[PDB]
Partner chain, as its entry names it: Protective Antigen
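Coming up is one lone chain in structure tokens, specifically the form solved without the partner chain.
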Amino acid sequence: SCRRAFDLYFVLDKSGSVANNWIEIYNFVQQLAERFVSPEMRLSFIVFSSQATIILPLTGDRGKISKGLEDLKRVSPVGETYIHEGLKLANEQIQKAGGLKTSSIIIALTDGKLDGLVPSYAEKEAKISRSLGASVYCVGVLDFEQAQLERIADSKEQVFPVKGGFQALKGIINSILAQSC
């Protein structure tokens, strides 16, 4: 059935590889927040590099969202790319909000450039997200790793470039509206 309540978890790469494009990431997040202002649309901001942190715990309070955006605007990307840790912080909040009883969307902003065993960890954690009933989208930055993002997202139709033709914003907004009453 159609839904009105969505919880949107932004899982944002602040590793060194994306440092020169942090503005694109921030702008995407600000634009999607701007689009969805209802209190039944709750947002959470998570950042990750060599460790992950919840910048904005899940909330519909727009004052807190404004401050969360101020905090994201000052981020200084550096270090390694442990995307699995960012996904796990989204999963922990989803589990605490109700698990399969929730209406949960994860949007990962990343170049998908993963090292060593991180692909293994990331794919396992995204499979956990889906087991909790969440849907995973990936928005690719720079010369992003398309296949890696397709594996993390629910499918290739939930992967978009952050650059060009308003593809990512339109595609994700229209995907959410399709699920909406």
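Whichever C-alpha set is largest while still superposing within 1.5 Å between the two forms counts as the rigid core. Shifts are known only where both forms have a C-alpha. Numbering follows the first chain given and starts at 1.
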Per the PDB record, is the mean Cα temperature factor higher over 115-123 or over 30-38? 30-38
Mean Cα B-factor comparison, 102-110 or 80-88, giving the higher one as deposited: 102-110
Highest CA temperature factor in the entry: which of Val11, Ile172, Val18, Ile23? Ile23
Lowest, middle or highest third: which one holds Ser44 when the chain's residues are ordered by CA B-factor from the entry? middle
What third of the chain, by the recorded C-alpha B-factor, contains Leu149? lowest
Lowest, middle or highest third: which one holds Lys156 when the chain's residues are ordered by CA B-factor from the entry? lowest
Going by the entry, which third of its chain does the Cα temperature factor of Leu69 land in? highest
Among the chain's modelled residues, which third holds the C-alpha B-factor of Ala52? middle
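Another form, the form solved in complex with the partner chain, is not on view; read the next lines as being about it.
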Within 4.5 Å of the partner chain in the entry with it bound, heavy atom basis, the matching stretch of 46-54, 143-151, 126-134, 28-36 is 46-54
Are any of the heavy atoms in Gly63 no more than 4.5 Å from a heavy atom of the partner chain in the entry with it bound? no
Check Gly165 for me: does it contact the partner chain in the entry with it bound (non-hydrogen atoms, 4.5 angstroms)? no
Closest heavy atom of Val78 to the partner chain in the entry with it bound, within 4.5 Å or not? yes
Mark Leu69 yes when one of its heavy atoms lies within 4.5 Å of a heavy atom of the partner chain in the entry with it bound, and no otherwise. no
Go through 99-126 residue by residue and record those having a heavy atom within 4.5 Å of the partner chain in the entry with it bound; state none if no residue qualifies. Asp115, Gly116, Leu117, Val118, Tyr121
Would the C-alpha of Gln167 be classed as shifted by 2 Å or more between this form and the one not shown after rigid-core alignment? yes
Specify closer or farther for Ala108 and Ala168: how their Cα atoms are spaced in the entry with it bound versus the shown form, given a shift of 3 angstroms or more. farther
Closer or farther: how do the Cα atoms of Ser76 and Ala168 compare in the entry with it bound relative to this form, given a change of at least 3 Å? farther
Can you list the runs, three or more residues long, in which each C-alpha shifts by 2 Å or more between this form and the one not shown once everything is superposed on the core? 164-173
